[PDB]
Number of protein chains: 4
Amino acid sequence: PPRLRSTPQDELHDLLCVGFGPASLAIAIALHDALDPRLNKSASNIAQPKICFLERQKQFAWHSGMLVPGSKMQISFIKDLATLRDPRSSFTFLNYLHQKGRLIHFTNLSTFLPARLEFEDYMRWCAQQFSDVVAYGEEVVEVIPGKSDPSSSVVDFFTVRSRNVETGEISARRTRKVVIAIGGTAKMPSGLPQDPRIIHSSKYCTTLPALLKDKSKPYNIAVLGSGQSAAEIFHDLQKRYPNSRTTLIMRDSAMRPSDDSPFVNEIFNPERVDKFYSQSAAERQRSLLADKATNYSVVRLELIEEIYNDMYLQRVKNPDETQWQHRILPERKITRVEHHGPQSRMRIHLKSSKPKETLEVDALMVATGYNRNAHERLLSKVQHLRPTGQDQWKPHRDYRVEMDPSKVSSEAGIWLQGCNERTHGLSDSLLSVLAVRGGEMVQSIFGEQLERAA
Amino acid sequence: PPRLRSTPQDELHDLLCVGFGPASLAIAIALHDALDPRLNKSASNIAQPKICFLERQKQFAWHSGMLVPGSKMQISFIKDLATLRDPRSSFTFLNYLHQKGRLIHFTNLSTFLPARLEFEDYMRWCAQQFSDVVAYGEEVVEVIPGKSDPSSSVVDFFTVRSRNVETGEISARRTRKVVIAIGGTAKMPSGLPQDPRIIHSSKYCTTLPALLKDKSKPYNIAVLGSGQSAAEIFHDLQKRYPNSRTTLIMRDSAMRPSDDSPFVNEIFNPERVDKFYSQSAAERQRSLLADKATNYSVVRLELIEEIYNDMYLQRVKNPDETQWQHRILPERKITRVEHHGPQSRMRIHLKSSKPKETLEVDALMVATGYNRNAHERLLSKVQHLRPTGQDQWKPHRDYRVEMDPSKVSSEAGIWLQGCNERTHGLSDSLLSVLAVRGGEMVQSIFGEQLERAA
Amino acid sequence: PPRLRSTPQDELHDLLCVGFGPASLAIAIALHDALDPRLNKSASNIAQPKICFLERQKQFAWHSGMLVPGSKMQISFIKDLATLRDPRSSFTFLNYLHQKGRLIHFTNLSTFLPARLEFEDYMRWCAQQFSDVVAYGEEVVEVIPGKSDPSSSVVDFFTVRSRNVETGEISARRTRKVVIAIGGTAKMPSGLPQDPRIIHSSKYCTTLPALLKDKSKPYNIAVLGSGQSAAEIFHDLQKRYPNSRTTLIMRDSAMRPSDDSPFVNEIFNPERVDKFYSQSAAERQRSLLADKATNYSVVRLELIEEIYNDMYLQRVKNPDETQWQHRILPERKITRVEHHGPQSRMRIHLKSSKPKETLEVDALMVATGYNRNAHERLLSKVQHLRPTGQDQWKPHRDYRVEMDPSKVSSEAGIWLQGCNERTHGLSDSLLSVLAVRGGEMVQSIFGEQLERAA
Amino acid sequence: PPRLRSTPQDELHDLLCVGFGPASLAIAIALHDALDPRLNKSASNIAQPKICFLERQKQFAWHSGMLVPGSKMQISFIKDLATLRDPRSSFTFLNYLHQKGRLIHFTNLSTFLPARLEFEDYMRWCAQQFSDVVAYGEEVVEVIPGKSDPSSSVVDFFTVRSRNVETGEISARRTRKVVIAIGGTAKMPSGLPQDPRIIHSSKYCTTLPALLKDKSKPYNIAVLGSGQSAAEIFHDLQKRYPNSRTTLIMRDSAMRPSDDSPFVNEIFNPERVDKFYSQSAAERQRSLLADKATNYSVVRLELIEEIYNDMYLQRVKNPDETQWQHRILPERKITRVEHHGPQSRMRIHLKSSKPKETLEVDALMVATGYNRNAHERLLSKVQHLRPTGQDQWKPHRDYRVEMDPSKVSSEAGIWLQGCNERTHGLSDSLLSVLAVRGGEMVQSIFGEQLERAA
Ligand SMILES: Cc1cc2nc3c(=O)[nH]c(=O)nc-3n(C[C@H](O)[C@H](O)[C@H](O)COP(=O)(O)OP(=O)(O)OC[C@H]3O[C@@H](n4cnc5c(N)ncnc54)[C@H](O)[C@@H]3O)c2cc1C
Ligand SMILES: Cc1cc2nc3c(=O)[nH]c(=O)nc-3n(C[C@H](O)[C@H](O)[C@H](O)COP(=O)(O)OP(=O)(O)OC[C@H]3O[C@@H](n4cnc5c(N)ncnc54)[C@H](O)[C@@H]3O)c2cc1C
Ligand SMILES: Cc1cc2nc3c(=O)[nH]c(=O)nc-3n(C[C@H](O)[C@H](O)[C@H](O)COP(=O)(O)OP(=O)(O)OC[C@H]3O[C@@H](n4cnc5c(N)ncnc54)[C@H](O)[C@@H]3O)c2cc1C
Ligand SMILES: Cc1cc2nc3c(=O)[nH]c(=O)nc-3n(C[C@H](O)[C@H](O)[C@H](O)COP(=O)(O)OP(=O)(O)OC[C@H]3O[C@@H](n4cnc5c(N)ncnc54)[C@H](O)[C@@H]3O)c2cc1C
Ligand SMILES: N[C@@H](CCCC[NH3+])C(=O)O
Ligand SMILES: N[C@@H](CCCC[NH3+])C(=O)O
């Protein structure tokens with residue numbers, strides 16, 4: 001039973017991981033498993049690797065701003081952080097349930113889709129077992145190249161600088177290898193102005209109740225978007241604020257269901273990463289477009305049906321749609337936001353989305369998705385180590401970015417996780433392949449040491 | 001297009017119906033249909049029958065105390081008040097939806113089970129078309145035999161006395177024929193005492209909010225029973241009073257699902273009334289017991305699953321069941337109720353139901369079903385017209401009760417509706433056969449007149 | 001109760017309909033209903049219109065080549081040929097079931113989706129009531145303009161010439177107004193050669209058993225396509241020929257589910273035809289593309305799941321996919337068909353569909369859809385009556401094609417049905433709006449006469 | 001990684017298990033797991049126990065006579081032979097799928113209910129890992145008491161005699177402890193005569209095709225019963241013999257659905273065995289009756305719906321039920337079977353089951369369940385070791401039968417498995433608690449040795 005011990009800050013690490021979300025957690029789990037002589041017989045002959053995870057949050061949390069009450073996983077629990085790699089792992093969802101005394105009780109639900117609350121707790125339970133090698137409240141701000149021989153022209157380590165979120169102090173740690181697994185940042189439409197009453201979906205549960213404190217007051221609340229987050233928020237607002245008037249604004253004509261049909265869904269199989277990666281740029285782009293309805297701007301059928309039913313019940317009570325407490329406004333775009341008025345309410349102007357009315361609202365929830373380019377800011381000072389004229393980070397199949405072999409030692413490298421959809425497929429940003437990917441990553445990074453034991 | 005005109009109070013009626021609930025409404029609809037030359041070609045040759053319906057409520061309503069938000073019909077909309085007799089009828093659910101401008105919208109729900117709110121409105125829409133022949137706010141208090149020749153020993157009419165619910169005045173109407181369609185009365189366990197805080201399920205929506213006025217207060221509310229009403233209330237309380245502590249008390253070990261499987265469910269077919277009626281007393285009793293799970297002490301599967309899921313989510317948050325906000329207490333019976341205390345809360349003592357704890361609650365909802373014997377109080381003064389030594393009303397196949405042929409003229413009679421489960425089957429008290437039964441009833445009562453036209 | 005009587009062949013008709021499929025049948029039903037004084041009170045004052053339907057089949061049939069055993073409707077039974085226009089109509093699906101003694105039995109299925117076999121019989125039952133005004137075994141071959149004054153330059157009638165399918169004789173009928181409701185013709189890929197062993201899906205049930213007579217023989221049968229017809233055939237072959245080796249060839253990567261989600265599905269509402277028609281050419285094209293997954297190249301989820309399950313069971317028995325009895329070959333196109341060999345089997349050559357193997361098969365089923373341009377062949381001799389320079393038939397909102405007002409009298413006209421997707425929407429070729437459309441069509445064609453009664 | 005080695009026939013065993021079905025297999029798995037130092041840290045200090053399993057079949061098989069094509073498990077795969085005891089076990093269903101290369105593929109089915117074919121293979125894969133300690137083709141015929149000191153009056157071992165199914169030779173093995181896990185024997189109604197054409201459901205797949213060799217011939221085949229086996233066979237016959245005329249005979253009025261609702265289903269939780277066992281004889285009997293619909297004379301809802309649908313399709317084709325190819329004959333009992341006729345068909349006489357027709361059939365399938373009393377025949381010679389006057393085997397909570405402490409040494413004992421419903425609950429004969437029970441059994445039998453290591 002291996003327990004990963006901490007490395008002193010001042011020592012050269014074998015690996016430093018930026019972020020301790022699901023993607024990094026799955027690597028921590030895979031490494032534990034690779035070192036467990038109960039699962040990997042060769043691990044009897046294997047000194048502990050010097051590893052550290054840096055996480056900006058104060059403790060493990062999973063999209064806490066969107067832990068909407070009643071919200072469910074959109075993925076089978078079998079695709080947890082260990083099972084698809086090894087069902088014998090102690091880090092499986094079912095083993096978690098066993099450890100909690102809930103296994104028989106979950107079984108009686110006959111569901112593959114746990115509440116997001118439950119799956120977060122599963123990952124929290126997993127994450128707590130690595131507390132000795134994780135530094136929370138640490139926001140990585142840059143990765144700097146290092147040379148053990150400064151007079152040479154070869155880079156063989158990296159310095160990772162992080163800011164303490166409480167004290168603001170900068171700490172440095174040196175490592176041979178870096179993983180960047182920082183997820184995404186809130187995507188806001190460029191046309192919207194900054195305002196406390198305009199809030200991205202990622203901050204829904206955490207910041208909206210601070211703005212609208214009275215759950216009984218008749219607030220007007222708009223929601224922009226038509227994907228899963230938009231539908232979840234729109235539906236939740238009606239429960240959370242029973243006397244409110246909610247409006248869903250979308251440029252599309254309707255909410256559309258996610259495609260989870262079994263043949264299409266095979267694009268998410270771990271085996272398929274090889275097939276997707278080995279295609280051309282054009283084929284990968286075309287494939288992404290063809291399968292878009294599996295993940296992007298789509299809503300789970302069950303939720304669409306529930307919302308539609310709520311709308312129909314409003315029709316039963318009142319045939320005049322303009323008098324409905326909760327409304328959906330399709331094929332529309334925001335053209336102007338008035339937010340300097342002495343009123344508590346902003347004034348939102350709407351036009352057709354085809355190439356109209358005015359709304360007075362207390363808050364606008366913006367469910368417009370994420371960008372996954374934040375790693376570029378962290379890596380700006382290592383850009384010069386890329387091969388000449390390359391202005392994009394190119395991840396290999398094993399997620400290690402390409403660098404000039406004559407500038408960077410074979411012992412040093414940087415891996416990207418969760419931002420590689422374009423090269424690795426639609427499963428990249430999701431939970432789908434994390435168990436298997438974690439195992440691949442451990443092989444890629446710690447292969448040499450693991451072979452000496454093997 | 002026939003429109004039933006009112007009969008003056010002082011005139012001898014052909015028919016007087018006690019109650020204007022679903023059962024009487026289906027008779028009104030069938031009579032309209034029988035007189036509609038568009039549906040019944042013979043009706044061209046057919047004077048209007050002198051008819052009146054007496055209803056104690058101020059206006060049409062359908063189990064208003066149990067119009068729980070979100071509650072659904074447990075029966076296909078095809079089994080409405082007309083369709084199974086004639087799909088061409090203007091009183092079909094689909095024609096109602098067409099008249100309302102909702103037909104296409106309902107179609108898009110892909111559901112056979114409308115909200116109870118919607119189905120009530122359907123029946124209200126139907127009922128409003130008979131407002132000229134219905135006297136609301138009139139509670140029938142007795143049915144008295146009458147003799148057009150008082151010196152004779154033959155009864156040939158009945159006087160129906162009703163009390164105005166507002167003024168308390170007694171009005172009489174004389175009729176040749178009487179229908180009693182008064183549904184059921186609240187069944188309370190004999191062991192429980194009378195108290196404003198102890199309320200039958202039938203009075204849930206109408207009287208509980210008057211008792212517990214603050215929807216935010218942390219009330220303790222118990223629910224007794226394990227049938228559909230108990231589950232509906234238990235589930236609704238958690239929505240209506242978010243900070244409340246609810247407890248479901250049942251003598252059974254678990255909530256059990258209603259059987260709606262297709263072969264068993266055929267007992268509800270209109271054709272099957274003939275088969276059920278023609279069996280012996282023992283066979284009818286045995287059949288009722290064998291099929292009990294179709295109607296009695298059962299909960300719709302979907303609702304059991306929802307409640308169970310809510311319970312599991314409580315387990316996720318807290319593994320200690322005694323700390324759960326909402327609890328179910330199986331295999332238990334109330335033995336004592338303390339309700340004279342200076343406290344606002346009653347003290348409910350519990351023991352095992354096999355041949356324990358104490359609860360402090362602000363209200364006890366009692367979901368213990370209905371009796372259907374209230375017609376006996378109304379008919380006590382006509383009992384002597386039954387054949388000698390008969391101490392039970394015996395309905396024929398056509399629902400007309402047996403009377404001594406030498407005491408009662410062939411032109412006079414009394415019909416029972418909705419209280420005949422023992423002779424007619426499990427569909428008797430339900431909506432299942434009302435369309436067809438209404439048609440049979442019109443034939444039984446108005447056959448002679450309808451034949452002259454035929 | 002109106003019964004449409006036949007018009008002698010030699011008389012000038014008010015209307016002549018080409019085709020007696022669902023679209024023409026819905027017009028016949030609407031006309032009956034408009035003339036029924038039981039449904040339309042004004043019809044008491046209304047001489048019978050002189051009408052005739054010409055149908056090339058020997059008797060009413062509905063896609064008989066695709067009456068696959070077990071195949072189901074993809075549309076709610078509420079969207080039958082009358083209900084959405086008038087639920088009181090005797091031509092509703094529910095009234096049909098009542099007339100058949102099956103209403104209670106269908107109700108117990110709890111399904112909105114009847115077997116295609118059942119829905120065909122419903123339409124057959126409807127169609128048989130118009131046998132006096134339908135000429136079967138008559139294939140319309142041309143529509144010719146006529147002038148009651150031949151020296152004038154104004155057209156005021158049309159001659160319809162039809163070929164007797166048995167005798168080959170040409171018959172003519174003259175009418176003021178023509179409806180063309182001829183559905184679609186089999187679409188075959190241009191690259192495939194003509195061969196008795198290459199059969200379009202439309203001829204599956206009728207012609208394939210004549211080719212492959214022994215249901216026990218181990219035939220190799222390929223299926224080309226990935227829409228509903230392809231999946232239905234692929235699945236059925238495995239039942240019909242238990243020892244056969246079936247192959248599904250598709251250029252797409254996977255079978256994709258049809259979108260029947262409630263918000264998107266509203267594009268099929270009758271009310272929406274007005275909204276769709278009133279858009280620009282670009283907006284209509286964009287809208288058609290956006291909603292394509294509702295109808296084109298899609299398979300019902302349930303069927304995809306069944307086929308996938310069958311595939312998984314093959315995996316259980318044998319992990320080597322190349323040995324599977326039934327296989328799916330995605331992302332492939334046929335490049336060559338060898339069919340001159342002394343062998344009973346054709347040789348099908350396959351390549352990637354991205355811009356491989358060889359199959360030896362006894363039959364190739366081609367499920368590649370339909371064209372709806374066959375009306376152009378029938379109307380070639382009336383093209384000159386279109387406004388100058390117009391080389392496309394332009395249907396108005398009411399389906400009447402545009403003609404030069406100075407060449408064609410106001411009393412004469414031609415209507416198109418079922419080929420108008422581009423102007424009227426995705427519901428045009430389907431059953432979705434037929435009841436309502438039939439009513440609109442009767443108003444458009446017989447408005448003048450119906451107003452005199454009104 | 002422990003591998004159980006064989007014990008020579010002539011050595012005194014620690015344990016001898018009669019039967020190698022699911023129940024014994026779960027004990028073998030639990031013992032392996034208890035000895036696995038990877039799962040049980042104490043097992044590092046633990047000589048191998050001398051164990052042997054005797055199985056009458058030639059190789060592992062699971063109800064092979066009822067491996068009906070398409071038949072599914074009625075239990076969640078989580079309730080496999082290891083998971084509920086330890087999800088880390090290599091004997092879990094998911095680990096089996098991983099070892100087979102099918103884990104991702106099963107995941108994509110979104111089902112908790114594998115095909116019986118698949119679950120048998122899972123158990124076969126498990127069973128093959130114990131081939132060194134299992135003797136197949138050995139039918140145990142008696143258990144005889146033994147005394148290491150024959151002049152003493154204390155029994156301290158047992159001799160198990162088994163017959164080789166091929167050679168007929170009797171072999172003996174001596175053991176301290178015996179487990180009897182022999183499942184059930186076919187229950188036939190006493191009124192039916194012996195005939196090759198009258199076959200119990202347990203022999204359906206294995207022996208019926210030998211009798212009715214021509215799958216195309218129009219055989220008449222009757223099925224008696226109304227539980228899961230009856231429905232499965234009735235449905236399968238229609239597929240297997242497409243031209244046959246099948247009849248389902250039942251004494252009940254209808255097929256009834258199994259209750260798998262979540263609250264009731266908790267009776268199957270492993271924890272609940274303690275609660276059930278600790279009740280009185282009357283309470284246990286009453287509890288068994290109350291929950292009967294979970295297991296006995298019930299059919300999975302989905303299958304009832306399918307069969308009902310098939311019946312409705314027959315109604316569509318022909319409204320005359322007496323002409324239906326496949327029929328159900330409710331509320332009936334067989335009174336006479338004529339089977340001496342020169343005809344190939346037997347003549348079955350039917351009467352009402354309430355306290356009729358004749359059928360001519362080629363075969364009668366009898367789906368009338370199992371008895372679980374066969375252990376009494378094997379134990380007749382050890383009956384005298386029970387406490388005085390005890391004429392029933394009384395299993396303790398830990399499944400060890402009560403014996404006179406002064407006649408039987410503490411080191412010797414006999415355990416019963418799968419025949420203990422009356423004392424242990426409805427989960428006893430099923431797969432529900434096998435993983436946990438296997439663990440309890442290993443503790444009960446090998447506790448002393450396992451503690452020395454602990
Ligand atoms: C509301 C919601 C629901 C979802 N549901 C599902 C689902 O059901 N199934 C599914 O497959 N996928 C789902 N997803 C997709 C989601 O991306 C993955 O579940 C998962 O979060 C990916 O993990 P990650 O580690 O790549 O990114 P994240 O989960 O975002 O984790 C990245 C971590 O890095 C930390 N970090 C960021 N920047 C820094 C820095 N500079 N220094 C230090 N630490 C930093 C962040 O605090 C965060 O903890 C969902 C996404 C959202 C938003
Ligand atoms: C909450 C609830 C939900 C149900 N849901 C369903 C369902 O989904 N499907 C189904 O098939 N069945 C259902 N039922 C069964 C129900 O009995 C029938 O739907 C229906 O109410 C039977 O109609 P009825 O006219 O016989 O009785 P009621 O509906 O009770 O109508 C009787 C009427 O008589 C009036 N009345 C009583 N006494 C007098 C008097 N002395 N003088 C004058 N008027 C009087 C009453 O005010 C009432 O209006 C439900 C029952 C309940 C309580
Ligand atoms: C297998 C299949 C299943 C389908 N299922 C559904 C469904 O579930 N729901 C749905 O909404 N839609 C469905 N459709 C769409 C289908 O187009 C409509 O159901 C319907 O057939 C449209 O009717 P129509 O009259 O426009 O065309 P058709 O049904 O093709 O009828 C046209 C008629 O015109 C006749 N005809 C053609 N040419 C001539 C001529 N020269 N002279 C005389 N007569 C002629 C033909 O014989 C035919 O009877 C399905 C289509 C197919 C192929
Ligand atoms: C068709 C069918 C389907 C079922 N499906 C399910 C399901 O989905 N879920 C569920 O929980 N339960 C199910 N059951 C219940 C079933 O009892 C259990 O799944 C399981 O078979 C119990 O295992 P067992 O070892 O107690 O008995 P068995 O499975 O009968 O095994 C007993 C073994 O002992 C052997 N044996 C018998 N006598 C002797 C002898 N004298 N000498 C040597 N060997 C002997 C037999 O050959 C057999 O291999 C099903 C039962 C049947 C019949
Ligand atoms: N299942 C019954 C109705 C039961 C109603 C229970 N409240 C039917 O089909 O008519
Ligand atoms: N429902 C039971 C299994 C019943 C099996 C019936 N053959 C369980 O969950 O364990």
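Values reported hereafter were calculated over all heavy atoms of this structure, with side chains retained and with hydrogens, waters and symmetry mates removed. Numbered from 1 within each chain, the chains take letters A, B, ... in sequence-line order.
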Between [X] and [Y], a side-chain donor and acceptor under 3.5 Å:
X: B/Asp259; Y: B/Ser261; value: yes
X: C/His326; Y: C/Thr246; value: yes
X: C/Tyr312; Y: D/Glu118; value: yes
X: B/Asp291; Y: B/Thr294; value: no

What closest approach, in Å, do [X] and [Y] show between heavy atoms, and which atom pair accounts for it?
X: D/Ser353; Y: D/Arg251; result: OG-O, 2.7 Å
X: D/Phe20; Y: D/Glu55; result: N-OE1, 2.8 Å
X: D/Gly418; Y: D/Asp428; result: C-OD2, 3.1 Å
X: D/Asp260; Y: D/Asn265; result: O-CB, 4.0 Å
X: D/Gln325; Y: D/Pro242; result: NE2-O, 2.8 Å
X: C/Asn108; Y: D/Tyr308; result: CB-OH, 3.3 Å

Just by modelled atom types, is the [Y] backbone N or O under 3.5 Å from a matching donor or acceptor in the [X] side chain?
X: C/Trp324; Y: C/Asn318; answer: yes
X: C/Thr111; Y: C/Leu113; answer: yes
X: D/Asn220; Y: D/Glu360; answer: yes
X: D/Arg116; Y: D/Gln74; answer: no
X: D/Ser71; Y: D/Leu67; answer: no
X: D/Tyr241; Y: D/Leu212; answer: yes
X: D/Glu120; Y: D/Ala61; answer: no
X: C/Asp236; Y: C/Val68; answer: no
X: D/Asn371; Y: D/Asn373; answer: no
X: D/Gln59; Y: D/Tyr136; answer: no

Side chain proximity check, [X] to [Y], heavy atoms < 4.5 angstrom:
X: D/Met365; Y: D/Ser229; value: no
X: D/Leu248; Y: D/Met255; value: yes
X: C/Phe106; Y: C/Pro114; value: yes
X: D/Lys79; Y: D/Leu434; value: no
X: D/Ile334; Y: D/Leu364; value: yes
X: D/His63; Y: D/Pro22; value: no
X: D/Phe276; Y: D/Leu288; value: yes
X: D/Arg197; Y: D/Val361; value: no

**Q.** D/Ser226/D/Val299 under side-chain contact (heavy atoms from CB on, under 4.5 Å): CA gap, chis, key distance, verdict
**A.** CA-CA 8 Å; D/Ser226 57; D/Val299 183; over 6 Å; no
Are the aromatic rings of [X] and [Y] close, with centres under 6.0 Å apart?
X: D/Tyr370; Y: D/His200; value: yes
X: D/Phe77; Y: D/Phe119; value: no
X: B/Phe112; Y: C/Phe112; value: yes

Could you grab the distance from atom [atom1] of [X] to atom [atom2] of [Y], nearest 0.5 Å is fine?
X: D/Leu224; Y: D/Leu329; atom1: CG; atom2: CG; answer: 11.0 Å
X: D/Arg332; Y: D/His349; atom1: CZ; atom2: NE2; answer: 15.0 Å
X: D/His424; Y: D/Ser429; atom1: NE2; atom2: OG; answer: 13.0 Å
X: B/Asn295; Y: B/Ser258; atom1: CG; atom2: OG; answer: 9.0 Å
X: D/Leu192; Y: D/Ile198; atom1: CG; atom2: CD1; answer: 5.5 Å
X: D/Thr83; Y: A/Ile104; atom1: OG1; atom2: CD1; answer: 11.0 Å

Q: Could you give me the CA-CA distance, side-chain angles and deciding distance for C/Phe234 and C/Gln238, then say whether side-chain contact (heavy atoms from CB on, under 4.5 Å) is met?
A: CA-CA 7 Å; C/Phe234 185 63; C/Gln238 304 167 9; 3.4 Å; yes
Q: Decide yes or no on side-chain contact (heavy atoms from CB on, under 4.5 Å) for B/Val264 and D/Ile304, but give the supporting numbers first.
A: CA-CA 10 Å; B/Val264 175; D/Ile304 300 177; over 6 Å; no
Q: Run the numbers on D/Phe268 and D/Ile75 for side-chain contact (heavy atoms from CB on, under 4.5 Å), then give the verdict.
A: CA-CA 11 Å; D/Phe268 299 104; D/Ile75 199 166; over 6 Å; no
Q) So among D/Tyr122, D/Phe91, D/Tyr96, which one has a side-chain contact (heavy atoms from CB on, under 4.5 Å) with D/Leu81? A)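 Among D/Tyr122, D/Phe91, D/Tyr96, the one meeting side-chain contact (heavy atoms from CB on, under 4.5 Å) with D/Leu81 is D/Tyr122.
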